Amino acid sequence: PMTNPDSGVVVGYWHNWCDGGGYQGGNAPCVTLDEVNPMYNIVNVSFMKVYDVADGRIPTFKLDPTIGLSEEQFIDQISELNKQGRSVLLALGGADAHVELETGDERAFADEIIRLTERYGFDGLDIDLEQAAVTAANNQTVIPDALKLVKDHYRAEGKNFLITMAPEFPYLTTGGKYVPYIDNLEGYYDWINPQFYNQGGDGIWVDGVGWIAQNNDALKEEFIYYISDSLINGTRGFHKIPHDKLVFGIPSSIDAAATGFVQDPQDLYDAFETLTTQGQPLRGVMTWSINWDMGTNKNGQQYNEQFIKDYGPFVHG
């Protein structure tokens, strides 16, 4: 019962908690799955984590009851997303997740991913580790090893369990800390949706063009274009990610991330247009987060689904 997308994707994260505070003092309410705009055709339930270190190192998922959904209602709403052709992934990691897997844990971690997948109807898993967890303990080897077990388990049932990853973009260099997740899952992952945000003054130097920072709003089109062109060709010191497997992750507003919000969507449409014109169209867009897009800013104004209104029709048309 493992729903996959047929073409472009708009990936959105869904908070398993209520009323998060924002980088500019807004508020992100919890919402049900049935409240999510259908143009979010990949919905990432956040987060699979270790809730209590006394329960051991294996991450798990526990639905937050304050969202107002029973277990059965949550399961049913996933089934309903699947009937619409939409996928629901489990996102592993997030802040304060205590994911510190050790060599030897990979079989039990795979078992728990399979168990939650059977119980809830998840269509796959997104690796969304916090900065410090990327190289913690044996995460770089145990997490890919466990996911290969899961992938092949479902492949043997004729099903494609989706595997995606949300690296912070500076770590995608040829010698970067994220490389093992990508190399170890080559041929296993379906796409990568890096975070092109929260890295302040990081960016990329483009010979003949100059220094293009992730927080430079005047060069946003050039940033999106050149960081993507580098990834999809394995150039400018970046690890290759094929263009049909690259999804461009950006904040849904200035409350969702400290930096990286795209002030003018036209900069993204034009960058994607240049990539398409050279024959390397990207697979779609990702955002942190659905709940922020449905949230409020510090003066109580609704974000009013502005992000999915800006990028949904663009990706799906």
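Numbering starts at 1 and follows the sequence shown.
For the pair 48-56 and 26-34, the record assigns the higher mean C-alpha temperature factor to 48-56. Stretch comparison (136-144 versus 160-168) by mean CA B-factor in the PDB entry places 136-144 on top. Comparing C-alpha B-factors across 76, 102, 128, 123 in the deposited entry, the largest value falls on 76. Placement of the Cα temperature factor of residue 150 within the chain: lowest third of the modelled residues, per the deposited record. For residue 279, the recorded CA temperature factor ranks within the middle third of the chain's modelled residues. Residue 65: CA B factor in the highest third of modelled residues in this chain (values from the PDB entry). In the deposited entry, the Cα temperature factor of residue 307 places it in the lowest third of its chain's modelled residues. The PDB entry assigns residue 11 a C-alpha temperature factor belonging to the lowest third of its chain's modelled residues.
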